[PDB]
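**Q** Input: one structure, supplied below.
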Amino acid sequence: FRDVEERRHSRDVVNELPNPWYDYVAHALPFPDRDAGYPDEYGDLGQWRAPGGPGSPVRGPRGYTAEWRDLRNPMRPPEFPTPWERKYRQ
Amino acid sequence: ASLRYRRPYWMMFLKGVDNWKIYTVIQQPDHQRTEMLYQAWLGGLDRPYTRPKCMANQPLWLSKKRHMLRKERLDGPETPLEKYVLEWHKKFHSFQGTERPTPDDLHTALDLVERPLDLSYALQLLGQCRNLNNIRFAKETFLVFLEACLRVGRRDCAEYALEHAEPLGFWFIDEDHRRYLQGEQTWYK
Amino acid sequence: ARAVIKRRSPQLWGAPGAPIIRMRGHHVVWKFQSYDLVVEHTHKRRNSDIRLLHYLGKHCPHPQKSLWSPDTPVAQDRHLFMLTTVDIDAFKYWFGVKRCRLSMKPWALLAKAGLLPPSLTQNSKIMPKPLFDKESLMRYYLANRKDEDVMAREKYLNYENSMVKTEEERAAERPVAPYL
Amino acid sequence: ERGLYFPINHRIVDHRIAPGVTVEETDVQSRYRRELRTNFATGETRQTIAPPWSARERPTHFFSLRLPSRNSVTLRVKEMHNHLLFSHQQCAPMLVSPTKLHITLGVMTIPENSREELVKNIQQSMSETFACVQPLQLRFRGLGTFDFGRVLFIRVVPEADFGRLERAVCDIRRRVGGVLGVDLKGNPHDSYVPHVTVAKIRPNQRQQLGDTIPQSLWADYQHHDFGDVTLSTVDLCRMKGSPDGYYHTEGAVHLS
Amino acid sequence: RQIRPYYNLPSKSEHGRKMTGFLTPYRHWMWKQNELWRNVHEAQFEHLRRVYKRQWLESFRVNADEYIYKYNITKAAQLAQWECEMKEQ
Amino acid sequence: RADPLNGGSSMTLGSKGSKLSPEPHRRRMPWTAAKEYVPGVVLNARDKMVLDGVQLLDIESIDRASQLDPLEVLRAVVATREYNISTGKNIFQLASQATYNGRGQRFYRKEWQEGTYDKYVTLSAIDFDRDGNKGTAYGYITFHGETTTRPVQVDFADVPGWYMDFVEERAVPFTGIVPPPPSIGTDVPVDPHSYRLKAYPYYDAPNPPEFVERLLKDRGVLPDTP
Amino acid sequence: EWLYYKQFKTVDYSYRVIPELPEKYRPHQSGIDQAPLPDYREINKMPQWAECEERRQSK
Amino acid sequence: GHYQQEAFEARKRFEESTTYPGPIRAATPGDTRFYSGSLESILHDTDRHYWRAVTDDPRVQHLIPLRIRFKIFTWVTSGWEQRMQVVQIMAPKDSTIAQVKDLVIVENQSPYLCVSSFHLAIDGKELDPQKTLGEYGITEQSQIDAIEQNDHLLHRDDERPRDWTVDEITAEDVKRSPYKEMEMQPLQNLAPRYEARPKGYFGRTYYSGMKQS
Amino acid sequence: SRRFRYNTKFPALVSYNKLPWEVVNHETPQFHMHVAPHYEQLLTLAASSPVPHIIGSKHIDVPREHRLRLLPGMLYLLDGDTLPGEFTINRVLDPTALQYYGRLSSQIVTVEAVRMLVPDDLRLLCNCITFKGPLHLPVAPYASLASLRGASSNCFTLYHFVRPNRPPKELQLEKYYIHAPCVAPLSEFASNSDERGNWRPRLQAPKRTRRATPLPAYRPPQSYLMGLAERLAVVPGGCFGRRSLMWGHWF
RNA sequence: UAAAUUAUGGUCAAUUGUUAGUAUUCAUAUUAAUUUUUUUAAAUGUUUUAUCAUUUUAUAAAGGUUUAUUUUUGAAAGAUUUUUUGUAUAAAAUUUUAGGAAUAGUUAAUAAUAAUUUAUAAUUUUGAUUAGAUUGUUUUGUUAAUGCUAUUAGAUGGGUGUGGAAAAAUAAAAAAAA
Ligand SMILES: [Mg+2]
Ligand SMILES: [Mg+2]
Ligand SMILES: [Mg+2]
Ligand SMILES: [Mg+2]
Ligand SMILES: [Mg+2]
Ligand SMILES: [Mg+2]
């Protein structure tokens with residue numbers, strides 16, 4: 661039965677098409693990948709707050737550095753003269 | 010459907026014992042004096058008595074002493090045969106016996122027949138040596154049985170033994186002994 | 009192992025037994041009736057929640073008209089709809105890793121979804137059950153049997169590890185000059 | 013009926029037996045609370061333990077705090093002796109003579125060839141260590157055992173000038189054994205347990221006396237208080253019982 | 010249940026059940042046939058069992074690892090921030 | 010646990026089997042081990058309609074008024090022997106009749122010799138208890154030309170399903186020692202003409218045609234008219 | 126089957142055999158006294174066939 | 015096995031070390047009596063109730079936990095059983111087998127064990143009461159049995175106790191021995207209340223190492 | 010089922026559910042049941058390679074004192090028939106007990122006699138098994154049994180000392196299961212044999228004009244059967260094999 | 001101790017009684033409920049097996065508990081053979097009564113001890129123990145709202161101690177080895 665089926669299975673062309681349900685497990689983990697709308701440390705609802713704020717986990721931190741070089745005085749003409757509209761650069 | 014969870018553990022694989030729930034409640038005082046009276050009713054003892062703690066059966070020793078205090082029947086033995094029959098029942102029917110009869114003791118027992126009563130006895134013992142105890146006979150067995158059929162002058166039983174010798178299990182019958190009950194002479198001497 | 013068996017709701021093998029995937033709902037007037045795919049133990053208590061491993065989904069056994077989609081002249085799509093929410097990761101976990109059991113009606117659902125081949129209990133009573141004999145089967149098998157290693161490699165990729173390392177990613181991951 | 017159904021003190025699993033055994037095969041009984049009985053109860057003490065090679069050789073010289081005349085210690089130990097001998101006179105060979113009482117600050121093995129260089133050097137470094145330390149008033153109460161109940165001694169309680177002692181000791185320890193390689197029976201980075209040895213069982217004795225001092229003798233004195241004593245004098249000594257009625261002394265330092 | 014037909018070996022007893030399961034060689038053969046069929050089913054079935062097991066294990070490998078990536082970066086960030094606050098302290 | 014049916018495959022409860030393993034499933038109940046059993050009810054069940062029109066006496070009824078004609082006693086005995094073989098023959102009923110209590114003879118139960126099943130017992134020794142028809146029976150199992158290394162108590166010796174055949178060749182006196190018969194693969198060089206293997210580990214029998222008829226005439230493939 | 130088992134007080138209809146416990150479960154409390162001691166000479170009187178066969182044995 | 019000789023070898027080669035400072039007891043902790051869980055678990059002396067990832071210096075064991083096995087007759091309510099009961103002492107390393115017997119005699123709490131004189135034996139061979147554990151190579155892994163006076167008489171029906179199932183217990187012996195303490199005549203709370211195993215537990219043949227059918 | 014971790018349930022002193030300790034009784038047949046299949050293995054070993062304490066001469070002699078710290082466990086083979094000093098002699102004529110020596114007697118040396126010996130104090134034992142004739146096994150020259158006259172005066176004996184009523188462990192037979200080859204079938208091709216030139220190889224399989232004679236047609240059994248042996252977990256014969264392969268049971 | 005913008009962002013808090021000098025949450029209001037109405041339940045025979053037995057089938061009877069209720073895999077899941085592992089029974093917090101007094105097989109150390117081991121013991125006014133009432137720590141109603149006001153039910157000692165676990169004596173609506 662197995663072999664017959666493999667045969668007529670591989671014979672049809674509408675197989676060889678990935679089936680999202682059959683092929684994998686999207687997310688194995690018990691906890692969600694990103695924050696969805698659950699109440700905050702103040703007890704306020706998901707709709708009442710946006711993630712990425714002051715409650716979010718902290719991001720943390734002689735001569736000259738490599739950040740000194742790239743920088744340039746606006747008095748001197750820059751690298752390739754991209755035609756900025758004057759109004760925008762104002 | 011096992012009684013595992015209905016009765017005490019020790020009652021597992023309990024078969025053939027009458028109304029086993031009895032032996033569950035025997036500890037309670039009333040059931041217990043009921044048992045005292047029961048044992049006394051069974052007799053064989055000097056004292057008030059009760060079967061031990063979790064035991065459903067009676068003890069081996071007690072039923073043995075019941076069996077050996079129980080008076081045998083036949084209190085009048087006359088022929089040597091009846092003596093030997095009572096001895097036969099003493100040895101080989103003794104409670105929980107290991108030992109088993111030998112064809113030679115059946116010879117010895119079949120040689121004492123006189124009256125037809127005794128023939129009935131020895132034939133019942135023979136019935137016991139075939140059916141009950143499963144013992145193979147010898148050649149001379151049917152010789153002995155034949156001459157003992159002849160002593161009391163009943164030859165019906167001989168030919169009845171001949172027409173079917175397989176159920177009684179005589180595996181060898183000398184053909185001349187067949188002739189004797191089948192219509193031909195020259196048997197003895 | 010109960011002295012007096014609870015007679016009406018028997019089960020195999022004591023409590024709580026295997027994890028099993030059941031379909032269940034409180035009983036009501038047929039018009040509103042819904043079911044729940046639930047992973048739970050074999051022996052339930054008064055309330056189904058005491059032993060509940062996971063909640064696999066709602067299933068509504070009322071063919072529905074699709075008013076969500078714009079009314080479509082395609083023939084097929086205007087058949088009525090049957091709506092079911094499967095949680096497929098807890099399914100593949102419980103069934104795959106934890107080795108679940110299955111009642112039959114959930115099986116039929118999960119078959120319509122392409123998670124499982126159709127059940128044992130779905131019978132077109134048109135065909136009979138097949139016959140069998142060892143030497144005809146044997147002739148067919150001698151005719152077609154694949155090579156040993158091809159098959160071993162199949163069993164490898166299906167059961168054991170799938171994602172493997174082709175030459176290029178090895179060559180891409182091995183350390184360069186200052187530590188090479 | 014007079015207490016808990018299963019007394020909590022009786023609940024014991026032995027994991028040094030085996031996974032399947034005690035369920036099925038056999039049951040193992042023991043009196044398990046002799047083994048559990050702790051370091052406070054037995055009177056044991058964990059002394060700096062020697063490395064094997066050092067464990068082989070006898071000690072020769074030791075550091076000692078010398079006890080002055082008119083101690084509280086010597087007096088009360090004498091009373092203790094009297095009481096002990098009246099109870100059991102089998103102690104008589106165990107007991108140390110009240111004349112030989114001293115505090116042991118550390119023990120050491122000196123080879124006999126380099127002997128003079130080492131006593132000179134030691135004495136010098138020792139004098140340098142204790143130059144700044146003024147006299148020490150220490151407290152003695154409680155008893156304890158070394159060497160599996162063979163050595164019975166009086167503890168030095170860390171309630172007093174003891175703190176200074178520990179620094180002081182830990183200095184000579186890092187000089188004597190650290191600087192000029194000398195065999196201190198332990199590691200020079202570890203501190204010795206200071207003690208007053210009261211009763212003792214030597215290797216020769218062990219046949220007539222027994223393998224351990226029976227705890228029935230010193231049980232009642234186990235926590236007894238021997239009092240405070242101030243000590244100005246440090247010695248480095250070679251072990252001889254004969255010469256002065258006291259240990260033969262190869263060096264001294266005065267704390268003042 | 011286990012089906013006990015009428016042509017199974019009847020037991021004559023008043024002390025117990027009326028019919029013992031014991032089989033006419035026919036019934037036995039029949040049973041073997043039906044069983045074979047069902048075997049054909051469970052083959053695919055538990056095959057799919059171990060397929061989903063590896064699926065889930067693999068997806069766990071990938072996602073859990075990504076989680077360790079992100080999480081460790083977080084944890085390092087916090088630790089940096091803390092020891093900074095202690096320099097400031 | 011140890012040895013499942015079709016590996017673990019759980020798709021049904023019956024999919025496992027009627028037992029999960031040969032071994033006892035609870036360690037506290039040993040006798041639950043998988044044996045080969047025999048229908049004790051039917052195969053004891055001795056016929057009391059052979060005992061009709063008989064007048065059996067009893068063991069402890071010895072009385073003079075009690076017992077009966079020697080002819081009566083004889084036909085009674087015959088009806089009792091007829092009572093005991095009324096289903097089949099117990100081993101101790103076969104062995105008491107053979108010379109030397111049938112030591113060395115090959116005792117096969119009926120079903121062991123039919124179908125692809127081939128098995129018997131080479132009897133090592135026997136104990137008769139005071140009662141015959143009961144007892145203990147030791148021996149060597151031989152299964153498809155393969156033989157046991159040491160003797161074993163022969164199981165279900167007391168159930169009357171047993172046949173054997175007396176050969177003088179195999180008989181051993183009580184003096185000597187019953188040898189275990191040769192396992193045909195090892196001690197005797199295998200030969201096709203003397204012994205051919207009925208069935209081997211991967212083999213099974215072809216379909217008998219009338220079973221097939223019955224099953225199709227059942228499932229309704231081949232029609233059947235009243 | 127079921128009708129046979131029904132006569133038992135089994136609470137769950139379990140195909141187990143469970144007896145009762147009557148008030149008098151044993152002979153002595155049901156009034157019955159022992160068993161009558163058999164007269165031995167009475168049952169040692171030879172039977173009819175035996176005497177008749179003495180009659181054809183002496184002829 | 016592997017572990018035994020691996021560790022023995024390690025000890026032996028650690029003692030032959032010329033240069034070692036010795037351990038620092040500040041870095042070598044003892045064990046705790048304080049840990050989660052209700053039960054008090056006794057472990058090996060090289061093991062601890064916390065997680066210690068570093069392997070400690072091999073030490074010689076100065077108290078060896080010997081096990082000594084006895085035969086006992088348990089009342090199982092269908093009759094007597096013969097099963098095994100261990101006593102476990104802590105015997106000082108250099109101790110004499112005489113002294114080991116003495117330890118054993120002091121450490122058993124069962125009234126049914128030490129009644130008469132007994133000899134310690136390994137694999138059937140008796141040991142000298144005179145000599146040390148050192149000579150007989152007794153490692154705590156060793157199997158040590160204990161043989162009583164009457165133990166070779168047990169194959170009879172005399173020395174082996176008589177169960178009220180098959181034997182008379184008389185007014186003679188109701189006032190003596192395990193028979194007395196047992197209270198054969200059933201009480202309301204049912205007496206000492208021993209363990210029971212039924213007759214058909216092992217089948218018709220009793221428990222064996224060899225499969226008898 | 011697996012054995013559980015520890016017993017916290019019942020008091021230890023009372024010990025509760027315990028598999029009975031198996032003891033070997035020398036009065037009964039069961040004794041031999043244990044000891045016999047060992048002996049055969051032992052003798053087999055002796056037929057191939059040397060083992061030190063197996064062959065010895067002139068019995069053994071020890072004091073009354075050291076009797077039990079030396080003897081128990083001892084197993085050795087002597088040439089003649091002489092029964093040990095100070096042992097009451099018991100003949101084993103009971104058939105059941107004898108029965109277990111069947112394999113050893115047919116496929117190794119034939120057993121002439123078995124003897125159970127008990128001493129004056131009754132606390133020792135000796136199992137004494139006298140074989141008649143040469144082995145039905147081949148014996149190698151460098152083997153232990155090659156030092157004996159009774160093999161290769173045709174009677175010789177095996178002596179086994181033991182304590183009574185002990186578990187079937189401390190009779191020491193399991194140290195003997197070392198397996199050495201019988202070199203008899205290859206002795207033919209050694210440089211030593213002169214029949215090595217009468218040997219001829221089959222390198223190629225011979226050309227086959229036939230097929231195997233088809234087995235007798237299958238008769239389906241007529242009686243009542245206990246059901247699938249698969250589903251009942253019965254090994255194929257109730258004898259040996261895996262429960263997954265149902266070969267040779269009724270079908 | 002300075003303002004702020006690259007401009008409405010991060011998603012709705014919103015209160016409705018016709019009274020009677022004045023002081024004080026108090027009759028008649030709405031919402032929620034009981035008064036209030038047969039459209040969601042249901043009937044008995046659990047079941048195999050090797051036969052007088054043995055395998056499978058573990059939390060709805062009542063009693064009134066406020067410092068109170070806590071636990072394993074040895075069963076099944078479960079995959080190949082045999083050994084094979086360790087993890088558990090313990091705690092912390094929340095605890096009612098208008099007018100308030102002592103409680104008790106009793107604490108801690110010893111230990112597989114002690115119906116008479118040792119001790120200056122334990123619980124209580126920071127509210128105990130008895131006694132009353134009462135089914136404990138995601139469930140309701142009212143409300144703009146810190147509140148007020150509900151929440152069922154379910155673990156009731158031991159006495160041959162079976163069983164992995166006592167949850168084991170009608171009262172299912174859990175397919176229980178084809
Ligand atoms: Mg309730
Ligand atoms: Mg109250
Ligand atoms: Mg609390
Ligand atoms: Mg608590
Ligand atoms: Mg399992
Ligand atoms: Mg009760």
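Chains as they are written, first to last, in the entry's author numbering: chain DD, 661 to 721, 734 to 762; chain DP, 10 to 198; chain CP, 9 to 188; chain DQ, 13 to 268; chain Cd, 10 to 98; chain Cj, 10 to 235; chain Cp, 126 to 184; chain DU, 15 to 227; chain DR, 10 to 161, 172 to 270. Yeah, the Cβ is synthetic: ideal placement off N, Cα and C, and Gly gets one too.
Buried or exposed for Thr125 of chain Cj, please, with buried defined as at least 16 other CB atoms from any protein chain shown within 10 angstroms of its CB.
**A** Under this definition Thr125 of chain Cj is a buried residue.
**Q** From the DSSP output, which residues share a beta bridge with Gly156 of chain DQ?
**A** Looking at the DSSP assignment, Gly156 of chain DQ forms a beta bridge with DQ:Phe165.
**Q** Considering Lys100 of chain DP, what are the terminal residues of the alpha helix (DSSP H) in which it resides?
**A** Taken as a continuous stretch (DSSP letters only), the alpha helix (DSSP H) holding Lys100 of chain DP covers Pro89 to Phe101.
**Q** Output the boundary residues of the beta strand (DSSP E) element that contains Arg32 of chain CP.
**A** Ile28 to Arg32 is the extent of the beta strand (DSSP E) around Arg32 of chain CP.
**Q** What does DSSP give as the partner residue(s) for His67 of chain CP in the beta ladder?
**A** Partner(s): CP:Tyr43 and CP:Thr92.
**Q** Please classify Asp195 of chain DQ: is it buried, with 16 or more other beta-carbons within 10 angstroms of its beta-carbon, or exposed?
**A** Buried, since its Cβ has 16 or more Cβ neighbours within 10 Å.
**Q** Please report the distance separating the alpha-carbon of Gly52 of chain DP from that of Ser75 of chain Cj.
**A** Cα to Cα, the separation comes out at about 26 Å.
**Q** Where DSSP assigns a beta bridge to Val246 of chain DQ, which residues make up the other side?
**A** Its beta-bridge partners are DQ:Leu77 and DQ:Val265.
**Q** May I ask you to verify whether the segment 34-53 of chain DR touches the segment 55-75 of chain DQ, counting CB pairs closer than 8 Å and requiring at least 3?
**A** Taking 8 Å as the limit for Cβ pairs, the verdict is that the segment 55-75 of chain DQ does not touch the segment 34-53 of chain DR.
**Q** Mind pulling the beta strand (DSSP E) runs of 3 or more residues that sit fully within the segment 36-121 of chain DR?
**A** List check, beta strand (DSSP E) in window: 84-87 and 96-100.
**Q** Find the residues of chain CP that neighbour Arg15 of chain DP, judging by a C-beta separation of less than 8 Å, and give them in chain order.
**A** Here the neighbours are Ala11.
**Q** Between the C-alpha atoms of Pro680 of chain DD and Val46 of chain CP, what's the straight-line distance to the nearest angstrom?
**A** When rounded, the distance between both Cα atoms is 22 Å.
**Q** Out of Cj:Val168, Cj:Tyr147, Cj:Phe152 and Cj:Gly170, which has the shortest C-alpha to C-alpha gap to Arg159 of chain Cj?
**A** Nearest of Cj:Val168, Cj:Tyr147, Cj:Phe152 and Cj:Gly170 to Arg159 of chain Cj, Cα basis: Cj:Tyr147.
**Q** DSSP has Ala167 of chain DP in a bridge; who is on the other side?
**A** Answer is none; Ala167 of chain DP lacks a bridge partner.
**Q** Could you tell me if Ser42 of chain DQ is buried or exposed, where buried requires 16 or more neighbouring beta carbons within 10 angstroms of its beta carbon?
**A** Counting Cβ neighbours within 10 Å, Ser42 of chain DQ comes out buried, since at least 16 surround it.
**Q** When DSSP labels each residue in this structure, what does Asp185 of chain DP get in the three-state scheme?
**A** Correct three-state label for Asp185 of chain DP: helix.
**Q** To the nearest angstrom, how far is it from the Cα of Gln234 of chain DQ to the Cα of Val265 of chain DQ?
**A** Computed Cα separation, rounded: 32 Å.
**Q** Shorter than 9 Å from the beta carbon of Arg161 of chain CP to some beta carbon of chain Cp?
**A** Closer than 9 Å: no.
**Q** Which residues in chain CP have a C-beta closer than 7 Å to the C-beta of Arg228 of chain Cj? List them in chain order.
**A** Simply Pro136 and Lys137.
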